[PDB]
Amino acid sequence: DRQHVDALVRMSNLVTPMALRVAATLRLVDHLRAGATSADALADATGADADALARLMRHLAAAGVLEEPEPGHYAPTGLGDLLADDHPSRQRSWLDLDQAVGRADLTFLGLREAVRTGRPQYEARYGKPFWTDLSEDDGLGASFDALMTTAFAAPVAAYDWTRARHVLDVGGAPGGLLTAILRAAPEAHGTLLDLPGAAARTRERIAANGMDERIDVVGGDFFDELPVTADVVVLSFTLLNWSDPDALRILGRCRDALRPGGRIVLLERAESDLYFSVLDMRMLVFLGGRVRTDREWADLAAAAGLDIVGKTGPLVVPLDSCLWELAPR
């Protein structure tokens, strides 16, 4: 069928999504807006090949991203203007192959192996798994944090944080949630554990915010014994990026760190199809893990020797969240 074939071919297009990411990485639209509109001028500005750049811009013009106001000279359309570095959509940074999201999206090249094995393929491409790479590379981690900002009031209200004297945030970088908890709970002291590079950036952030007397930052690995005990151990959007066997290892380390009467608190994603499926596929291919159902959290808790003693949610940012309270059996 002609309509079906044309639809499938449009849906199969790898050239345009790659062309957009290369253009973003080259700051192509910024150069065009500055008057470097020929392939030769763009080659001088970027270091790339003039003939190949001409062919790239021909393609982006055919896709409606650019126009050709003079022979051999390109300029952004209204659509292409979204790739300007200062555009409020930040689409240039979402697509930039030298920032964390564009870099990670290239791992979809390895989708066949992700589907064969069920394992993420970012480490296969880059030599370190995703969170470790962003920790060890200040530029990558900071770029991810900047994009993902675009007040933690709901989780601060959803739990009585004034009853917790010592709080340990496991995988807590960049420290926004723990900072909000402690500003609402004067009697609480915090410890934040994350990988060493991410922890160092968080330590600098906390000091610049005047919270270094309220929060100790520790660089380390949450698959290892945790560095302190605590009355509440917080896992905020951490377990969702791990398999059930790995999440059980993390929960075990957290349960071992509980003081008498202590609790583990999960802040997690709550349990249109296309948007949610793209997020799920990013989890399969490079972020790790999956979004669990309420039943799956109960099963995970039981396998960790934990009772679910409370759930508060949905907490309503495009996605909703849930706060879970877990206690040792």
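So that there is no doubt, residue numbering starts at 1 and follows the sequence shown.
Enquirer: How much of the deposited sequence is absent from the coordinates between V316 and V317: none, 1 to 3, 4 to 9, or 10 or more residues?
Expert: 1 to 3 residues are missing.
Enquirer: For the stretch from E271 to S272, please bin the deposited residues that the model skips: none, 1 to 3, 4 to 9, or 10 or more.
Expert: 4 to 9 residues lack coordinates between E271 and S272.
Enquirer: Using the B-factors recorded in the PDB entry, average over the C-alpha atoms of 153 to 161 and of 135 to 143, then report which stretch comes out higher.
Expert: Mean B over CA atoms: larger for 153 to 161.
Enquirer: According to the deposited model, is the average Cα temperature factor higher in 234 to 242 or in 177 to 185?
Expert: It is 177 to 185.
Enquirer: Have a look at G252, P71, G172, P120 and flag the one whose Cα has the highest B-factor in the entry.
Expert: In this record, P71 carries the highest C-alpha B-factor of the candidates.
Enquirer: Sorting the chain's CA B-factors, does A19 end up in the lowest, middle or highest third?
Expert: Lowest third of the chain for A19's C-alpha B-factor.
Enquirer: State the tercile, meaning the lowest, middle or highest third, of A303 with respect to the CA B-factors recorded for its chain.
Expert: Middle third by C-alpha B-factor.
Enquirer: C-alpha B factor of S93, ranked within the chain: lowest, middle or highest third?
Expert: For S93, the deposited C-alpha B-factor lands in the lowest third.
Enquirer: Please rank the C-alpha B-factors of the chain's modelled residues and tell me whether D86 sits in the lowest, middle or highest third.
Expert: CA B-factor rank for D86: highest third.
Enquirer: Going by the entry, which third of its chain does the Cα temperature factor of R295 land in?
Expert: Tercile = highest for this residue's CA B-factor.
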